[PDB]
Amino acid sequence: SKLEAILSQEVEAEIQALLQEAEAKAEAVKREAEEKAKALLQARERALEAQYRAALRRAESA
Amino acid sequence: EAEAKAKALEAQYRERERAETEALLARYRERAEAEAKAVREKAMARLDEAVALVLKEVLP
């Protein structure tokens, strides 16, 4: 059936657009949470490192 | 991964804090004892050599 076979191929193009959005959503979430993983890594590292460093400074000074 | 690396950093570098603080502080006690006994040694031999001077100055 010609024209509603074309309508069902538009439906397969909607499947195509949905899997495009699926891969795009997976990569977007992975990228933004990778940014946050590295940022929180460096954040807690440098914060506790600065606390450790200032404790060493004030300890040797005292 | 965030929670695991956070707990690893906190625990390991907290014990690193304690170990380094103690290791530096103990040698600071060592310097305290060294300086005290060194100025005792400088003090104990140079006595009575100047008290005759201060008795020369006090008595008219």
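Heads up, the Cβs are rebuilt from the backbone with ideal geometry, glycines too, and the neighbour counts pull from every protein chain shown. Just so you know, all these numbers are worked out from the coordinates, no wet-lab data involved.
Are any residues in the range A:38-62 assigned to a helix (DSSP H, G or I) and either closer than 18 Å to B:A26 by Cβ or over 35 Å from the mean Cα position of the chain (by Cα) (or both), and if so, which ones?
Within the range A:38-62, A:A55, A:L56, A:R57, A:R58, A:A59, A:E60, A:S61 qualify.
Going by the conditions given, is A:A59 without any contact (Cβ under 8 Å) to a residue 24 or more places away in the chain, more than 26 Å from B:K5 (Cα to Cα) and touching a helix residue (DSSP H, G or I) at 6+ places or on another chain (Cβ under 6 Å)?
Answer is yes for this residue.
Going by the conditions given, is B:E33 at the interface with chain A (Cβ under 10 Å from one of its Cβ atoms) and within 22 Å of A:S61 (Cα to Cα)?
no
For A:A33, state whether it is part of a helix (DSSP H, G or I) and at the interface with another protein chain (Cβ under 10 Å from one of its Cβ atoms).
Yes; evaluated as a whole, the condition is true for this residue.
Among the listed residues A:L48, A:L40, identify the single one that is facing chain B (nearest Cβ under 10 Å), under 22 Å from B:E22 (Cα atoms) and among the aliphatic types (A, V, I, L, M).
Step by step, each of A:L48, A:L40 is checked, and only A:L48 is facing chain B (nearest Cβ under 10 Å), under 22 Å from B:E22 (Cα atoms) and among the aliphatic types (A, V, I, L, M).
Mind listing whichever residues of chain B are under 30 Å from A:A33 (Cα atoms) and of a type in the set (F, W, Y)?
Scanning chain B gives a single hit, B:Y13.
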